[PDB]
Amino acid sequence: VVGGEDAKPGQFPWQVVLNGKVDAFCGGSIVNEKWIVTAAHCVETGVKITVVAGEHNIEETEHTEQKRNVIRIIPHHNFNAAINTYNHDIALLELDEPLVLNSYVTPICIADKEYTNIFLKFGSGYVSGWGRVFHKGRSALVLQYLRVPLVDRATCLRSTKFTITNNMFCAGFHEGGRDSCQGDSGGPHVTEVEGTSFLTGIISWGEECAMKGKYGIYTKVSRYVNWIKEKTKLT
């Protein structure tokens, strides 16, 4: 996250960090004790993934962390159907052992399709992660967060030559300077509704970071809430 602030411990208890061949390479959000939702481009098959919930400072500890191994990965079936489009950029990770819920490990709420869209339409969401704090620069140690305004679709379309599908939305500022960035993918875009947060998007892609005239692009979660609910049922 470029231009954001340090989160306080337990401020975003649904945020998890993913570690693998590269440390802290993407983010994710807790759906329930056994499931994480993230971006499909962070987990294209192969490699071993480790999830850390209750994380705050990647190089310190307050003993709130819970590390789990990923036993199953489910990228949306249409992801990568069209080469290099980033359309359908969402995926689910099943944990080996359930997480124990507490003040530092809490699920993000997920409304139905209609309400997720209404919540997105509120126009202000929070994005968070341990990704780049400067375009082409270092990654964060302490979890970063930033409020980003929704951008009308027409303006979104005109900001880039790449295609913005009905499965994506733009968020950021006309002047730039504040944005999600490399490493923040898979992390959540959330909307707070009277003290309760709902997942409204997934950090997905962009052109560089925080550039004036450009915006961060997010996976539109409302189009995928039925799929999430169907794949993450607990037995």
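Start at 1 and count along the sequence shown; that's the residue number.
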If you average the CA temperature factors over each stretch, which comes out higher, 110-118 or 89-97? 110-118
Which wins on mean Cα temperature factor, 99-107 or 153-161? 153-161
Of the choices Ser29, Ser180, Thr45, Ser204, which one's C-alpha carries the largest B-factor in the record? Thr45
Within this chain's modelled residues, let me know which third the CA B factor of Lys67 belongs to: lowest, middle or highest. middle
Tell me, lowest, middle or highest third: where does the Cα B factor of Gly187 rank within its chain? lowest
Splitting the chain's C-alpha B-factors into thirds, which one does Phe79 fall into? lowest
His41 by Cα B-factor - lowest, middle or highest third of the modelled chain: lowest
Where the record places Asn166 (Cα B-factor, split into thirds across the chain): middle
